[PDB]
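Here is the structure we will look at.
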2 protein chains.
Amino acid sequence: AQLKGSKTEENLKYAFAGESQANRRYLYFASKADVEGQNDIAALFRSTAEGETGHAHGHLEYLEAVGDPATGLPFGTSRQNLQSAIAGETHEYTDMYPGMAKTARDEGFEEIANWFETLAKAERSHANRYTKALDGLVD
Amino acid sequence: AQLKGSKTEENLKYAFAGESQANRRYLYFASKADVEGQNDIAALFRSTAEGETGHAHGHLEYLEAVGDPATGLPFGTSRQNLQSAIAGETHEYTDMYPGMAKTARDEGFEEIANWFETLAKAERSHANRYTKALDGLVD
Ligand SMILES: [Fe+3]
Ligand SMILES: [Fe+3]
Ligand SMILES: [Fe+3]
Ligand SMILES: [Fe+3]
């Protein structure tokens, strides 16, 4: 049983995506609760969200064997991690977000299109910042 | 323009999932840098992760118009948020994780199968805990 190419690999990727989203959703729901004055609910959402952090990171540790779910590249060492982050970010600013901006604009969603453009620019800033840190890495 | 049914809706869902995973990946990468002693890099992954929170939460806000990406249910109020969280967790513990445990065991990945069963039990506990909060909610 090599994990590479298994159904179990795809499941880990799927479950990693889901738990990642669960954390983000629960933190969003926490902020709603905050404003409403529902402090016990807010606290429960934050606590559950820590749970989903442990789940997501557990999945990701198994995926170390086959590569970063976002890029397929090796990860583990800071060098590799930075390298994979740069590749993923580069894809987001040169392909994904501009593509999404154009589709939005084409469908008449002008505010969302400008949002995707804002984020294309931020991801380019992220890629460049990580490239600078990689250049300076002494390992 | 109706957001529901559009390609822009799909793109928001996809971007939400990607940004959610980027935050998780970058916090994992921070931990690796922590251990190695690369504290400037760790601080950078953590700061970039904050960016990805802002992006993912910005995407979720537009999706309030069409419903929670994990359940299709409306969200916004604590009452709605708990309901959605419950529905998603119920699916994860009754269906998703049990199914993945069994596929793992079939393919010869015993440890991963036990992992998935651990998370089945954890999502059941999350789902029950949220149902309790929901019954206690006063709004
Ligand atoms: Fe979980
Ligand atoms: Fe980024
Ligand atoms: Fe981002
Ligand atoms: Fe959960």
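Identifiers in the structure tokens: chain A, B, ... in order shown; residue index from 1 per chain; ligand index from 1 in order shown.
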
Superposition RMSD [C-alpha atoms, order-paired], chain A onto chain B: 0.2 Å

Once you count only C-alpha atoms and all ligand atoms, what closest atom pair and distance in Å to one decimal does each residue of chain B within 8 Å of ligand 2 have, with rows by chain and rising residue number, as a tab-separated table?
```
residue	atom	partner	partner_atom_place_in_ligand_line	distance
B:19	CA	ligand 2	1 (Fe)	7.6
B:22	CA	ligand 2	1 (Fe)	7.1
B:48	CA	ligand 2	1 (Fe)	6.4
B:49	CA	ligand 2	1 (Fe)	7.5
B:51	CA	ligand 2	1 (Fe)	6.8
B:52	CA	ligand 2	1 (Fe)	6.0
```

Store the residues of this selection in a file with N, CA and C atoms, as a PDB file, in the first residue's frame.
```pdb
ATOM      1  N   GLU B  19      -8.657  29.318  -0.186  1.00  0.00           N
ATOM      2  CA  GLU B  19      -8.174  30.207   0.864  1.00  0.00           C
ATOM      3  C   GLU B  19      -8.255  29.534   2.239  1.00  0.00           C
ATOM      4  N   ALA B  22      -5.329  27.323   2.412  1.00  0.00           N
ATOM      5  CA  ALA B  22      -4.077  28.056   2.443  1.00  0.00           C
ATOM      6  C   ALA B  22      -3.782  28.482   3.885  1.00  0.00           C
ATOM      7  N   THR B  48       0.844  35.950   6.723  1.00  0.00           N
ATOM      8  CA  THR B  48       0.174  35.617   5.477  1.00  0.00           C
ATOM      9  C   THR B  48      -1.127  34.839   5.727  1.00  0.00           C
ATOM     10  N   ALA B  49      -1.149  33.959   6.722  1.00  0.00           N
ATOM     11  CA  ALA B  49      -2.347  33.197   7.063  1.00  0.00           C
ATOM     12  C   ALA B  49      -3.492  34.131   7.439  1.00  0.00           C
ATOM     13  N   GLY B  51      -3.964  37.098   6.259  1.00  0.00           N
ATOM     14  CA  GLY B  51      -4.453  37.521   4.959  1.00  0.00           C
ATOM     15  C   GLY B  51      -5.480  36.546   4.395  1.00  0.00           C
ATOM     16  N   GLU B  52      -5.162  35.244   4.459  1.00  0.00           N
ATOM     17  CA  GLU B  52      -6.027  34.239   3.880  1.00  0.00           C
ATOM     18  C   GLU B  52      -7.348  34.148   4.654  1.00  0.00           C
TER      19      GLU B  52
END
```

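Every residue of chain B that lies within 6 Å of chain A is listed here, counting only C-alpha atoms: residues 8, 17, 20, 21, 33, 78, 104 and 108 of chain B.
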
Could you write out that same residue set with C-alpha atoms as an mmCIF file, in the first residue's frame?
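Saved file again21.cif follows:
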```
data_model
loop_
_atom_site.group_PDB
_atom_site.id
_atom_site.type_symbol
_atom_site.label_atom_id
_atom_site.label_comp_id
_atom_site.auth_asym_id
_atom_site.auth_seq_id
_atom_site.Cartn_x
_atom_site.Cartn_y
_atom_site.Cartn_z
ATOM 1 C CA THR B 8 -19.257 33.239 -10.258
ATOM 2 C CA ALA B 17 -12.105 26.293 -0.294
ATOM 3 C CA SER B 20 -9.456 28.024 3.720
ATOM 4 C CA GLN B 21 -6.783 25.407 2.907
ATOM 5 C CA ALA B 33 9.571 26.590 10.950
ATOM 6 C CA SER B 78 -26.518 32.067 15.131
ATOM 7 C CA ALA B 104 -8.750 3.008 3.832
ATOM 8 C CA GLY B 108 -4.430 -1.580 3.303
#
```

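Of note, CA of residue 131 in chain A and CA of residue 74 in chain A are spaced 16.9 Å apart.
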
All helix (DSSP H, G or I) positions in chain A, as a PyMOL selection string: chain A and resi 7-36+39-63+78-106+110-135

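Each of A:93, A:111, A:135, A:128 was checked against ligand 3 using only C-alpha atoms and all ligand atoms; the smallest atom-to-atom distance is that of A:93.
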